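Only one chain is included here, represented as structure tokens and corresponding to the form deposited in one PDB entry.
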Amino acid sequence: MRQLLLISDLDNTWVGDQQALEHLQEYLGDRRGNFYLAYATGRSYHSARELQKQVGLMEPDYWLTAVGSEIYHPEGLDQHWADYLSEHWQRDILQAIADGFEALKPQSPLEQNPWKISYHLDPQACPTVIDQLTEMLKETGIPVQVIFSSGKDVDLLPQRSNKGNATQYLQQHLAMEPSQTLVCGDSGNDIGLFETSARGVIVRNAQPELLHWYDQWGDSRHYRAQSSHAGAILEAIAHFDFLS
């Protein structure tokens, strides 16, 4: 029932340029009831909440955490989403495979959750190993996704759990149309958002994976901002003429 569904990544997108963050929130703050805000981050809910205390993120309506593997309404975790991602998902098998790669190192236990298996790719390792990993995991019957961002972070998620599917779920939950949605990303863990038919903005300081993705799949609904960080969101909002 609001005119805009704003979905944005936190690190390097919304957060990063403190001044931009501040004038972005000052702008949105004056029409807060005109849009639903969702932070689609790769951080765990607890980690997202910490960042908010640190930089002062404005309170969102929903939290799409851990790359969309955990959605949080004010009331709490969306148990429907959790049960939806749980189907046909065998975390243990996938992890056994991933652990097998010498180039992959497990990320802290706190970066892990029932539907997210994260690793760090060795800086000296050849990235093509991630394609090797992807097909190896994909060839198990298990519906998996491999998210590779910033050249090091690797995330194994259910095939129906990236930020893009979380967003689509949210659009249906809110009865918000794709033309009313704006997704803001900066890295490879944001590609899912841009695979959505929602208007999107790629921040200037975007990661190579995303810039590369934009070169091959970038459509007219996708906008490459000149501004970096939160400034890109204002730029996009003005661009797609949202919140007229």
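For every residue, the number given is its place in the sequence shown, counted from 1. Between two forms, the rigid core is defined as the largest C-alpha subset superposing within 1.5 Å.
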Between 165 to 173 and 123 to 131 (mean CA B-factor, as deposited), the higher: 123 to 131
Entry-level comparison of average CA B-factors, 212 to 220 and 43 to 51, reporting the higher stretch: 212 to 220
Maximum C-alpha temperature factor, selected from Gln180, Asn189, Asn34, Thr65: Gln180
Candidate set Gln25, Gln18, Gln226, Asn12 [ranked by C-alpha B-factor, highest]: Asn12
Where the record places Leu94 (Cα B-factor, split into thirds across the chain): lowest
Ranked against its chain, the third holding the CA B-factor of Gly200: middle
Chain thirds of CA B-factor: placement of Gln145: lowest
Chain-relative CA temperature factor third for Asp30: lowest
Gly185 by Cα B-factor - lowest, middle or highest third of the modelled chain: middle
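Separately, the form deposited in another entry exists; it is not shown, and the next lines address it.
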Threshold 2 Å Cα movement between this form and the one not shown for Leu157, core superposed: yes
Yes/no, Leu170 Cα shift of 2 Å or more between this form and the one not shown with rigid core fixed: no
Rigid core superposition, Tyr72 Cα moves 2 angstroms or more between this form and the one not shown: no
